[PDB]
Amino acid sequence: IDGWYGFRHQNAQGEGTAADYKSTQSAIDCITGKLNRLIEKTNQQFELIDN
Amino acid sequence: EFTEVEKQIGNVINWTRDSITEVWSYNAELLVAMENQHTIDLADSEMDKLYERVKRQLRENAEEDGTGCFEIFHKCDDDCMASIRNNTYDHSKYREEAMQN
Amino acid sequence: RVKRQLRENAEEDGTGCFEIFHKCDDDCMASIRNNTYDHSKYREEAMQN
Amino acid sequence: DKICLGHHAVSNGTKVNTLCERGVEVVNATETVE
Ligand SMILES: *[C@@H]1O[C@H](CO)[C@@H](O)[C@H](O)[C@H]1NC(C)=O
Ligand SMILES: *[C@@H]1O[C@H](CO)[C@@H](O)[C@H](O)[C@H]1NC(C)=O
């Protein structure tokens, strides 16, 4: 739940379900940049042609 | 441009030209973004190709560290650089002297 | 990146999990987690195994 | 006794768009809009 990409620490002492930061931060940055690029309204106002 | 056309057909022409302008502008933006991404991926792929080709040429004699530099165990001189550069190097000649490191 | 960090200390089994030969504690977990691990401290112990 | 790898780069580049970011710094950029 902390990050997308995590680690399974098997030290024969416990179970460390850690999470990375760099790669998942790059992935979230790229995906939110993709949505900032695409999810946008039009910049041209149209007109009603038919009736 | 000089003498104005009938208003209804002029509005139809402007609406069609504006829709075509929107389609071509979106197509140009998607085209530029797609081929810039493909050019960046192509550069990364060619760098990865060169890195793995040098790794296959160097074999076990040089161990990668995680930087792009190769720690060649043999005393690999300038002619050895030329051999690993222009696809001439053989690992079987130098494995005996580079195996103990 | 983890493969480049673990020079000879660990190898890929085939299922994608590294098998560290030497003793790699929770500080070594943290060192490979935040990329501060070094091969200069455990080349020889992992090489002898 | 080692050999390193790398690629050419420039001090000042041009910011271009891409599929997942805006204003990515690259080496060279041509103009597609006259
Ligand atoms: C169509 O658009 C042009 C501008 O591109 C404008 O000058 C012209 O008046 C428009 N036509 C009509 C019928 O309004
Ligand atoms: C970059 O592209 C331009 C074309 O716009 C070209 O004239 C130039 O030689 C290229 N290289 C550099 C280093 O500017």
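This entry lists cryo-EM as its structure determination method and reports a resolution of 3.62 Å.

Draft legend 1. A look at the overall build of chain C. A tally of helices and strands in chain C yields three helices and two strands. For chain C, the sequential pattern of α-helices and β-strands runs α-β-β-α-α. Expressed along its principal axes, the backbone C-alpha trace of chain C runs to roughly 25 × 25 × 20 Å. The proportion of buried residues among the 49 residues of chain C is 29%. Taking the intrachain contacts of chain C between residues at least 6 apart in sequence as the baseline, contacts between residues at least 24 apart amount to 45%. Of the roughly 3400 Å² of accessible surface on chain C, 45% is carried by carbon and sulfur atoms.

Draft legend 2. Structural view of the pattern of salt bridges. Scanning the model with the defined rule gives ten salt bridges over all chains in all. Between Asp-20 of chain A and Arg-1 of chain C there is a salt bridge, with the nearest N and O atoms lying 2.8 Å from each other. You can see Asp-20 of chain A sitting in the loop between strand 2 (15-19) and helix 1 (22-38) and its partner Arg-1 of chain C sitting in the segment before helix 1 (2-5), one on each of two chains. The exposure class assigned to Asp-20 of chain A is buried, which follows from its relative accessible area of 12%. Through salt bridges that share partners, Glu-63 and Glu-71 of chain B together with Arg-7 of chain C make up one connected network.

Draft legend 3. Summary view of the interface of chain D and chain B. Across the boundary between the two partners, chain D contributes 14 residues, which contact 19 residues of chain B. On the chain D side of the contact with chain B, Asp-1, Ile-3 and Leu-5 of chain D bury the most area, a combined 45% of that side's loss. Inspection of the chain D/chain B interface yields one salt bridge. For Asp-1 of chain D, the salt bridge identified is with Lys-75 of chain B, shortest N-O distance 4.0 Å. Inspection of the chain D/chain B interface yields six residue pairs in polar contact.

Draft legend 4. Main features of the site of ligand 1. Residues and elements named next belong to chain B. Close to ligand 1 lie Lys-7, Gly-10 and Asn-14, which account for all nearby residues. Within the contact set of ligand 1, an oxygen atom lies 3.3 Å away from a side-chain nitrogen or oxygen of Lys-7. A distance of 2.4 Å is found between an oxygen atom of ligand 1 and a side-chain nitrogen or oxygen belonging to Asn-14. Expressed as a share of its isolated accessible area of 360 Å², the protein-covered part of ligand 1 is 43%.

Draft legend 5. Spotlight on the interface of chain A and chain D. With five residues of chain A at the interface, the matching set in chain D holds four residues. Between chain A and chain D, roughly 430 Å² of surface is buried when both sides are summed, and carbon and sulfur atoms account for 45% of that area. In terms of surface lost to chain D, no three residues of chain A exceed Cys-30, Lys-34 and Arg-37 of chain A, which account for 82% of the buried area on that side. Here chain A is connected to chain D by one residue pair in polar contact. Per-class residue counts for the side of chain A that touches chain D are one nonpolar, one polar and three charged.

Draft legend 6. Up close: the state of the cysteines. Inspection of the entire model under this criterion finds three disulfides over all chains. One disulfide in the model links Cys-69 of chain B with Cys-4 of chain D; its S-S distance is 2.0 Å. Here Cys-69 of chain B and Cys-4 of chain D share a disulfide; its torsion about the S-S bond, 100°, makes the bridge right-handed. With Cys-69 of chain B in the loop between strand 1 (62-64) and strand 2 (70-72) and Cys-4 of chain D in the segment before strand 1 (14-16), the pair connects residues from two separate chains. Judged by relative accessible area, which is 41%, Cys-4 of chain D ranks as partly exposed. Between the sulfur atoms of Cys-76 of chain B and its disulfide mate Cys-80 of chain B the distance is 2.0 Å. Every disulfide takes its handedness from the sign of the S-S torsion; for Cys-76 of chain B and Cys-80 of chain B that torsion is -80°, giving left-handed.

Draft legend 7. Looking closely at helix 1 (residues 7-58) of chain B. For helix 1 of chain B, which comprises 52 residues, the first-to-last C-alpha distance of 75 Å matches the rise-based estimate of 76 Å (1.5 Å per residue) to within 8%. Of the positions making up helix 1 of chain B, those classed as buried are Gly-10, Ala-33, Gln-37, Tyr-51, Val-54, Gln-57 and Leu-58 of chain B. On the buried face of helix 1 of chain B, the contacting elements are helix 1 of chain A together with strand 1, strand 2 and helix 2 (78-85) of chain B. Residue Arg-59 of chain B follows helix 1 of chain B closely and has a positive phi angle near 60°.

Cut-offs and rules
- Residues numbered from 1 in each chain as written, not as in the entry; some residues may be left out.
- Chains lettered and ligands numbered in written order.
- Part of a larger assembly, values for the part shown.
- Heavy atoms only, no water.
- Helix = DSSP H or I, 4+ residues; strand = E, 2+ residues; numbered from the N terminus.
- Buried < 20%, exposed > 50% of the residue type's maximum accessible area, 1.4 Å probe, protein only.
- Contact = heavy atoms within 4.5 Å.
- Areas by Shrake-Rupley, 256 points an atom, 1.4 Å probe, with all protein chains shown as cover.
- Salt bridge = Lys/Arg side-chain N within 4 Å of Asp/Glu carboxyl O.
- Buried area = accessible area lost by both parts, 1.4 Å probe.
- Polar contact = N/O pair within 3.5 Å; in protein donor to acceptor, adjacent residues only side chain to side chain.
- Near = heavy atom within 4 Å.
- Nonpolar A, V, L, I, M, F, W, Y, C, P; charged D, E, K, R; others polar.
- Disulfide = S-S within 2.5 Å.
- Expected span 1.5 Å × (residues − 1).

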